[PDB]
2 protein chains.
Amino acid sequence: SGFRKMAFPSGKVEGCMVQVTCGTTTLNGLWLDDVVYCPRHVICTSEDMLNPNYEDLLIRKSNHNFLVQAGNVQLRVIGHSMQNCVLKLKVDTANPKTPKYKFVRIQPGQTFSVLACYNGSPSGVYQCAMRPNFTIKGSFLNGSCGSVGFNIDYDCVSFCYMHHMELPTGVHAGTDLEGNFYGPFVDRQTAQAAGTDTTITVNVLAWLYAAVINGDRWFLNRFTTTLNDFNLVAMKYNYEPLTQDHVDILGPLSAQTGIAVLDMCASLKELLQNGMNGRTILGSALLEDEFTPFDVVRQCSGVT
Amino acid sequence: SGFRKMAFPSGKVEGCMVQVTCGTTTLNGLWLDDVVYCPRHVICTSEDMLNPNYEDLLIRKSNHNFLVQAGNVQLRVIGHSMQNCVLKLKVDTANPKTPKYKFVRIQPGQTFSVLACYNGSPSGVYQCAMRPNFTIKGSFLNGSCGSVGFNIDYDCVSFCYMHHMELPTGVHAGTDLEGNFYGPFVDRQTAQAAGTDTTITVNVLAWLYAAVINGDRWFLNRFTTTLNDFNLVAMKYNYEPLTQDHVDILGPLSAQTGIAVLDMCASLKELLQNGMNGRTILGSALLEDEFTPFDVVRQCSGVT
Ligand SMILES: NC(=O)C1CCN(C(=O)Nc2ccccc2)CC1
Ligand SMILES: NC(=O)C1CCN(C(=O)Nc2ccccc2)CC1
């Protein structure tokens, strides 16, 4: 029992963090096989960052201008390429701690663990969501760039995020491991405003199931609703619309708890319209939307 | 920028988790040097757990009745002793992944990362507090016992918690690594009620500093207070009393932000008396008390 915002174990990812230095800029790299991945903006001074021409900046850079350090041993760079907004640094040594891994471009609403790093050294691990506007609400100081987001399926690490930018609003943007930004974001220090930060409706409902399973039930009511009816209330509250897919995904939690999905929707409708009245659910005074249905099944079943 | 409930990297601790089986009971052990540490209640059936005589139960147990497994390799048990509420299983192999480590008995209000494990396999990592009533609010299913709480200082792991019990109320109790329960708890399945769960005042104030540093300032007011005055309001709200020590510990955050500690106390007094009025602080609708002053300095400076 109990429910907690839980990160994946960071061990397999700790073993892949290196320091990448180009001139005066140091940040984090991901060492997998004989490739170190980092944000291409390692080649920018902060001045460059106002209007960088990455192609022009890169021309001036040779393999020997990329200083790659793993703990207290230096890696030889035998190759470098720009893929989208990441650099791939070919080193002469395969990372001996390379776990099984994939690159996956996640969907908005999906959750992942972030290993916050400085100078290739991990400082902490926290669980995140990709917001519907493709921002994340991270904890990232100067030198945190190249910190990666991941999920783990038994022994395989799916890398889904590399950290690049803090937006002027203090939220975070970055790329998949192919270097493609999540959302409309660019590795340029400019006015980039994120859109509306909507709540991940399916996640909130997942977390209401987690509550019920863990004994927090006060918010169960005698009402049901329809998807159309529920989505009228969702709209008003900047909740993501709920689809039959979302309903389908909640099926197992529905089944286990014996509370139909539309009944819980009607529970959630009342919570939105009437607030918590000073009560909490799983120790929270607002509706948590950074647990997926998969997350709740995982934590309430005990998958390793 | 951004502030997050961040666990220590779990890598060094992942490398020390084993499976311990005695008859039909399997749970987690901590393999450090040539000793595996586990909850002594590995020797209880759930029936025993109603009124166990650990000395009598242990007599029936030989070294060969403790099955210790590290991934898919078995460890030979050459010795076993009962220290308080833990078993120490002497194996013939030193854990080759033993990090630098200490056992430390933490103080209430202190925070630590928990690596939730099942069958010696880590499922997730989350940050915790030792509550003032010496309970923790964990996420622990059947087979999670021997899951450990820790802090990391650069490369040294201070083990501070081993998980033993879920209380009838769904909170968690367990021991330091010397086998001494935190609080009045015993490894017996009985009515054990925890005392009042007071809020960790110094932690809340630390987290208000974190808010200010991260741009959340709406709750700063024009009032100050005294320790005595503040503690009258604390009492009423089941907040731990604030001492000159607590004030001293907040000194650096005070200094950095230029907000005196007693002014922030007066900010917190108003938050207690008037609530959040539907506003949030660092994405929370209640007062967070599971960041220590050290935690806020760490995360707002970027220590690895
Ligand atoms: N800006 C540019 O035109 C270039 C593009 C290609 N390039 C490489 O280093 N390619 C390479 C070399 C050795 C092994 C593997 C790959 C440097 C940058
Ligand atoms: N219940 C009891 O009287 C005993 C107490 C001592 N004991 C041991 O196994 N001691 C031991 C043996 C070999 C190497 C290291 C330590 C078993 C339990």
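Chain letters run A, B, ... following the sequence lines, proteins first and then strands; every chain starts at 1. When reading the values below, keep in mind they use all heavy atoms of this one structure, side chains included, and skip hydrogens, waters and symmetry mates. Start at 1 and go down the list; that is how both ligands and their atoms are numbered.
For the pair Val114(B) and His163(B), the minimum side-chain heavy-atom distance is 4.5 Å or more. For the pair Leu30(B)/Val36(B), no side-chain contact is recorded, criterion being any heavy-atom separation below 4.5 Å from C-beta on.
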Write 'none' if nothing qualifies; otherwise put on separate lines each N/O atom of ligand 2 with a protein N/O atom under 3.5 Å away and their distance to 0.1 Å.
unit_1	atom_1	unit_2	atom_2	d
ligand 2	7 (N)	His80(B)	O	2.8
ligand 2	9 (O)	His80(B)	N	3.2
ligand 2	9 (O)	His80(B)	O	2.7

Q.
Set out, in order, the CA-CA distance, both residues' side-chain angles and the distance that settles side-chain contact (heavy atoms from CB on, under 4.5 Å) for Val104(A) and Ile106(A), then state yes or no.
A. CA-CA 6 Å; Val104(A) 312; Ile106(A) 54 165; 4.2 Å; yes
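Aromatic ring centroids of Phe103(A) and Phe150(A) lie 6.0 Å or more apart.
Side-chain contact check for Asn151(B) and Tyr161(B): no donor-acceptor pair (N or O, by modelled atom type) lies under 3.5 Å.
If you run salt bridge (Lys or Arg N to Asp or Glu O under 4.0 Å) between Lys100(A) and each of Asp155(A), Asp153(A), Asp33(A), only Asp155(A) comes through.
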